[PDB]
Amino acid sequence: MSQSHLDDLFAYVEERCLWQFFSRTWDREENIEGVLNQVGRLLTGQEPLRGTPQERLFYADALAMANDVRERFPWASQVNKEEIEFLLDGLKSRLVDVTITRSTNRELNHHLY
Amino acid sequence: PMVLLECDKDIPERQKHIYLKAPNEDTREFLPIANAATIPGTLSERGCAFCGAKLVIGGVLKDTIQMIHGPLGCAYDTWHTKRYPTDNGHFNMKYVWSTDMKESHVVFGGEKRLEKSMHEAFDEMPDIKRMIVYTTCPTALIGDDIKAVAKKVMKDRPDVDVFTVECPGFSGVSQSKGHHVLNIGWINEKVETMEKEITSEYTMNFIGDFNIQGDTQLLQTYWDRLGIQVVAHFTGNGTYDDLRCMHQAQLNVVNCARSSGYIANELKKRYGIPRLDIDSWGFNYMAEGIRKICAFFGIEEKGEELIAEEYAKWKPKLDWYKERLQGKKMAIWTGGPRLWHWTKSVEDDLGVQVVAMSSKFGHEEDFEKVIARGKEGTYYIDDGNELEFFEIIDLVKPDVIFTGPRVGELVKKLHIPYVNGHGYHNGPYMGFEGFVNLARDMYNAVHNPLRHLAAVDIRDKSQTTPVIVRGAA
Amino acid sequence: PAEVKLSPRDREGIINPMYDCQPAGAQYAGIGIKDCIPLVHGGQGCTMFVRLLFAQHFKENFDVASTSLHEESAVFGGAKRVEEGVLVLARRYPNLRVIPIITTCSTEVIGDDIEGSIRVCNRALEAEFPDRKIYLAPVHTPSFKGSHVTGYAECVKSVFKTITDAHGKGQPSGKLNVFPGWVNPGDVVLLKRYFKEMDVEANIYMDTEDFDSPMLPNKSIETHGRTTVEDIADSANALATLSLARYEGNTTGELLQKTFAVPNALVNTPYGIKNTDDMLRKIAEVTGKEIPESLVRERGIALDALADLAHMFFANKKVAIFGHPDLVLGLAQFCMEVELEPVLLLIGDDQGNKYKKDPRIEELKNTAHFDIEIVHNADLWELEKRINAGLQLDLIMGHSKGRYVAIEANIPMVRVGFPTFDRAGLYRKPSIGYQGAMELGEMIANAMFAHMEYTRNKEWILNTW
Ligand code: CLF
Ligand SMILES: [Mg+2]
Ligand SMILES: [Mg+2]
Ligand SMILES: [S]
C-alpha cells in the first residue's frame, strides 16, 4: 500500500545512505532534492542528468539507491511512473522532517564550516 | 529511552548522553548531547585539541617536520603511539620535535626559542623543507605568535614552507577542535599554492584516511587498477606539497567525515569539487563506494571487473568467518566514526551484533548516523567514562570489544577479549581484504584457548581444564 | 689523556625527547599507592597520553583522572574544575583515600590556587562524608622545568608530607623505609626477597609488585599499588631510610630526617655487583643484621654467569647508555665490571648543575681507561647524530623510544629503564641486585649473539664458549 512503500524507502535510506547527514542544513536540502530526483528518473526509465560534476555525483548516489530499491522491493517494478514520483515526493518530505526540521543537531545552521 | 546508569547517580547530567534504542521510538527525541564540555574527575576517554591536529592529521605526512611549540611533554606523548606507515621509511613515526619551552620562555616569551628550534630542525635534516608548527597549552597562554615566526623563517629561508596551527589542549572540549582548526587553516592558506601534472582523465582526492597499518596503500591498489589519479590523500601516506594541490581534483571522496569533512565542504564551496561520502571499511560497503566513484567517472565496467575479482579472492574467507562469528556480541569504544562505519557492516558481512557503542568526541552528526544504522537494544554513549564501561559490560555482556589497548588490558581481567579499534591488531582493515583481516582478528580474539583456561579454578576438585578446537579460513 | 667530560646539548630545541614532563612522573608516583587516583589539573591530553604510556610499559590500565581544563577556565581560572573533579572522584569511588592534585604547564601558568582549592574540598568532603578521610596532596609540577624524574620525586615528597603531617610520629616501628626510585615490579620482588633473607622488616615505597596482575578465575582486578596510607604514615616511625636513587626519592628520605629524625642513608643505585655489595653493607650497618649466606650464593651465581661473557664477548666493546640519571650512572659502573666500555652516557633533562656534583662521576673519572662523554640535557637525536658522524658503538642500552636509532644503525640494543614497550615481560625481570646484574649481562650477550647470526659475523663461534 502507498504508506508501506514509503516506509520501505525511508527505512532503506536511513540504514544505508550518508548524503542526508551532511554537515549543514543547506547541504542536506541540496542532497535530498538532487539524489531523489535522479532516483525517480532511474526508477522510471528516464535519461539521468550527468552534465555538471554535481549532477554526476547525484547520479552516482542515486544509482546505488535505485538498484538497491529494485533488488529489495518487488513493488518498485510494479507501480507506475506517477506512483514512483508521488512516493519520492513523500520521501523528500520525510527526510527533510527527520534530518532538518526535527533534528536537534545544533551545528546544522552554523554559517561557517 | 535516555539512561541514568547507577554509576552516574551523582552526575545525573550523563543521562542525556546515553541512549538505549527501544522499539517504536522517534529517534529525533533521543539524540545524545555530544561535543559538550567534559565533567571533571570522571575518567572520560577524551584527549586534547593538540592531539587532533598533530597526532591524528598533520603527523601522518611523510616529509614534514612536526614542530611542537611547548614544553617537551606534548612531544614525548605523541611519539611511538601511532601506526601510520609510509613508503619512505616511516620518517613520520621515527621523529618528534619540541621547542623545549623553559621557565624563562614563560617569563620573556617563546618566539625566539621557536625560531631557533625551527632553523635547527632544518639544519639537522637538510633534505626536509616542510614543517607544521603547533601551539600547546602554555604557548597559547603567553600569546606567542607562531604565524609571525613562521613568516620570518620563510622570508629568511626561501626554500622552506611552514604551516601553523593554534591548538592548545584547553581549546574546545576534545581532539575535535584540533581537526577543525587544522582543516580550515590549510584550505585558507596552502591549497592552490602549487600545482602538479595531471596524468589521468579521472582525478580525485581521498579525504579523511590516515593510512592506519597501510589502509591508504591498500586502497591505492584500487585507484591504480581503475586508472584514477589521486591528487592528494588527506593525509595517509601523504606529502605536504600534494596537499597544496587539492584544488585540482575533479572529485573529493570522504571516509572520515568527522575529522576531514570541513576541508571537503570548503573545497566544494570554493572550487566546486563535489563531496562523495563512502564507507571504506566493510566488504559490501567498499563495493558500493567503488561503484559510486566509477559511476561519477563513467568507468563502470572497470569497477565491475575490480569488484568481481576482489569478491572471488576474498568473499569465501569472509563467509567462513561469518559462519563462526554470527550472533557474537560486539562493543565499539572509539572516537566516533568507526561506530557508524562498523555497526551495520559487521552485522551485514559477519553476522555480528553491536550491543554498545561509545564515542569520545563525536558530534550530534555522528550520533545521527550511528543511531540510523544501529540496532534496537543497543547503548549509544557520548563521552563515556570508565565506570560506565563496567556497568555497560554487565548490561550487554559483549563477546569482544573494539577499543584502545589500555581499555583492552582492563577488560581482559573480566575475560573479555579485545581488538584494537584504533590502531588495529593485524591490519590493514579497509577495503575487501581489510575486512577479512578484521574478521580474522575478531575470530582469533574470541575463540581463544586462554579465555577458557582463565575461567578454570584449579582448586575446584568439580572442574577440569578443557581443550577447544579452533579453525582457520 | 684519559677524560670523563660533562657537556650540555648544543641545540635549543629537542628532537626525540628522552623523558616525559614532570606531571607524567607525578602520575607514576601516585599509581603505586593503594586506593589512590591522581587528579591531573590541566588539559585532557596531560592525563590520557600518560595513561597510554603506562599501558605501553606495563600492558596494564592504571586509573588517573583529569580536571578537563577548557577555554573558560583558561580565561577566568580553573579552581572550579579541581573542586568538581575531587568531589566527582569521591562520590563515584567510595574506597578512594588519596588524591595527589598534580599541576601542569597550563595550571602553573594561570596560577590556580591549589592549596585554596584543597581547603574548599576538605570542608566539602568532611561535611558530605563524615566517616571518610581523603588525603589531598598538592603536587606542583610545571612541565617547563625538570622532567618526569623530578616530577616523580616531587609527588612522592608531597604525598609523604601530606600523610605524615596528618598522623605525626607514633611508636617506633623497627622497620626501614626504602625508596628504590623508579624501578620495575621485578626490582621490587628482588628487594623484598633480599630484606626477607636478611630478616629486615622494610616498607618499599611504592610497592608496585602487583602491577603485574593475574587474570583470575573470579575476574577480580588486582592491578593496584600496595603502599597504603598506613604504610606511608609509618615512615615517621622507621629506624632509618635507605634511599637508592639520588634523583628519585632521596629528597623524601631527607624530609623524613628533618621532620622526624629518621636518619637517611643515600647509597649508589644497586646496578652491578659493587653497588649491590655496598647497599647490603649499609643495610647491615643500620640494622645490625648480618648479610645472609643466600646472598653470597646469589652473588656467586651472578659472577659465575658474567665470567662466561666478560673477556670473551664484552671486552673492549663500546656502549652508549641513556635513561634516568641513577640508572645511567649505575649501569655505566656495571658495564665496567664486565669489561664493557660505556663511552657515551646521555641524561635527558636540565639538572646538570646537580649531575656535576654526583659522586659517581668522580668514581668514573678515577676508573675509566677510555674517554667518556656525559651529555646532559640530552635528547635521543644527540645519540643518532653522533652515530651518523662516525661514533662506533657495539651496544646501546636504553628505553624503547630509542629503538629506531639502534634498528637503523644495525647496533644491538638492550631495553632498560622506562618505557620498555617493544619487548615482552621486561617489567618482571630484575635489573638491580646480583640476579639483576646476571639478567642484564645475559640480555647483552643474547642480543650480541642474535646480531652475530643475523649479520653472519663469526656466527660459528657460539659453540664452545
Ligand atoms: S592538554 Fe604537555 S603533556 Fe601537559 S603538562 Fe604541558 S608539557 Fe606535559 Fe594537550 S597541549 Fe599538551 S598534551 Fe597536555 S600540555 Fe596541553
Ligand atoms: Mg530503521
Ligand atoms: Mg656457571
Ligand atoms: S578526544
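By convention in this document, chain letters (A, B, ...) are assigned in the order of the sequence lines, proteins followed by strands, and residues within each chain are numbered from 1. As a basis for the values below, the full set of heavy atoms in this structure was taken, side chains included, without hydrogen atoms, waters or symmetry mates.
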Which bit of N388(C) comes within less than 4.5 Å of chain B, counting heavy atoms only: side chain, backbone, both or neither?
-> neither
With a 4.5 angstrom heavy-atom cut-off, could you sort out which part of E386(B) is near chain C: side chain, backbone, both or neither?
-> side chain
Near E166(B) CD, under 6.0 Å, is it more than 12 heavy atoms from other residues, nucleotides or ligands?
-> no
Chi angles and distances behind the side-chain contact (heavy atoms from CB on, under 4.5 Å) call for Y76(B), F49(C) | CA-CA 9 Å; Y76(B) 184 97; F49(C) 289 141; over 6 Å; no
Nearest 0.5 Å, what's the CG-OG distance between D77(B) and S143(C)?
-> 10.0 Å
Side chain, backbone, both or neither: which part of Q22(C) has a non-hydrogen atom closer than 4.5 Å to chain B?
-> neither
Parallel, tilted or perpendicular: ring planes of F421(C) versus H80(B), cut at 30 and 60 degrees | tilted
Flag yes if more than 12 heavy atoms outside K80(C) fall under 6.0 Å of its NZ atom; otherwise flag no.
-> no
Below 4.5 Å from any heavy atom of chain B, which atoms of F54(C) appear? Answer side chain, backbone, both or neither.
-> neither
Which portion of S106(C) sits near chain B, non-hydrogen atoms under 4.5 angstrom | both
N-O pairing of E409(B) and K59(C) below 4.0 Å = no
Taking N16(C) for its side chain and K94(B) for its backbone only, find out whether a donor-acceptor pair lies under 3.5 Å.
-> yes
Measure the shortest side-chain to side-chain distance between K401(C) and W79(B) over non-hydrogen atoms and say whether it is less than 4.5 angstrom.
-> yes
Any donor-acceptor pair under 3.5 Å from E120(B) side chain to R11(C) backbone | no
Heavy-atom proximity to chain C below 4.5 Å, by part of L414(B) | both
Per-residue contact mode, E408(C) against chain B (heavy atom under 4.5 angstrom) = side chain
Between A24(C) and chain B, which part of the residue has a heavy atom less than 4.5 Å away: side chain, backbone, both or neither?
-> neither
Without hydrogens or angle criteria, can the side chains of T38(B) and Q44(C) be said to hold a donor-acceptor pair below 3.5 Å?
-> yes
With a 4.5 angstrom heavy-atom cut-off, which part of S104(B) approaches chain C: side chain, backbone, both or neither?
-> neither
List the steps, then state whether side-chain contact (heavy atoms from CB on, under 4.5 Å) holds for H415(B) with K219(C).
-> CA-CA 7 Å; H415(B) 310 167; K219(C) 302 176 176 178; 3.7 Å; yes
Indicate yes or no: at least one non-hydrogen side-chain atom of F170(B) is less than 4.5 angstrom from one of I110(C).
-> no
Engaged part of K385(C) at the chain B interface, taking heavy atoms whose separation is under 4.5 Å | side chain
Chain B heavy atoms under 4.5 Å from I15(C): which part of the residue, side chain, backbone, both or neither?
-> both
Heavy-atom distances under 4.5 Å only: say whether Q175(B) touches chain C with side chain, backbone, both or neither.
-> neither
Does the side chain of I221(C) come within less than 4.5 Å of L410(B)'s, by heavy atoms?
-> yes
Counting only heavy atoms closer than 4.5 Å, note whether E222(C) contacts chain B via side chain, backbone, both or neither.
-> neither
Side-chain heavy-atom pair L43(B), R51(C) within 4.5 angstrom cut-off = yes
Relative to chain B, which segment of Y93(C) carries a heavy atom at a distance below 4.5 Å: side chain, backbone, both, or neither?
-> side chain
Residue from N61(C), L216(C), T223(C) passing side chain to side chain contact (heavy atoms under 4.5 Å, CB included) with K413(B) = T223(C)
Let me know if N385(B) has heavy atoms under 4.5 Å from chain C in its side chain, its backbone, both or neither.
-> side chain
Residue pair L52(C) / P405(B), side-chain heavy-atom distance below 4.5 Å | yes
For the side chain of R92(C) and the backbone of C7(B), is there at least one donor-acceptor N/O pair under 3.5 Å apart?
-> yes
Segment of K116(B) engaging chain C (4.5 angstrom heavy-atom cut-off) | side chain
Would you check if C21(C) and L72(B) make a side-chain contact, meaning some heavy-atom pair closer than 4.5 Å?
-> yes
Side chain from CB out, backbone as N, CA, C, O: work out which of these in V86(C) comes under 4.5 Å of a heavy atom of chain B, or both, or neither.
-> neither
Side-chain touch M48(C)/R406(B), heavy atoms, less than 4.5 angstrom = yes
Is it the side chain or the backbone of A455(B) that comes within 4.5 Å of chain C heavy atoms, both, or neither?
-> backbone
With rounding to the nearest 0.5 Å, note down the distance linking OG1 in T81(B) to CD in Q56(C).
-> 6.5 Å
Region of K177(B) in contact with chain C, defined by heavy-atom distances below 4.5 Å = side chain
Side chain proximity check, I39(B) to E84(C), heavy atoms < 4.5 angstrom = yes
Nearest non-hydrogen partners of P17(C) and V96(B), listed with the distance | CD-CG1, 3.5 Å
Which answer fits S171(B), side chain, backbone, both or neither, if we ask what part of it has an atom under 4.5 Å from a heavy atom of chain C?
-> both
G172(B) backbone acceptor or donor facing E71(C) side chain under 3.5 Å | yes
Considering only heavy atoms, which portion of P23(C) lies under 4.5 Å from any heavy atom of chain B: side chain, backbone, both, or neither?
-> neither
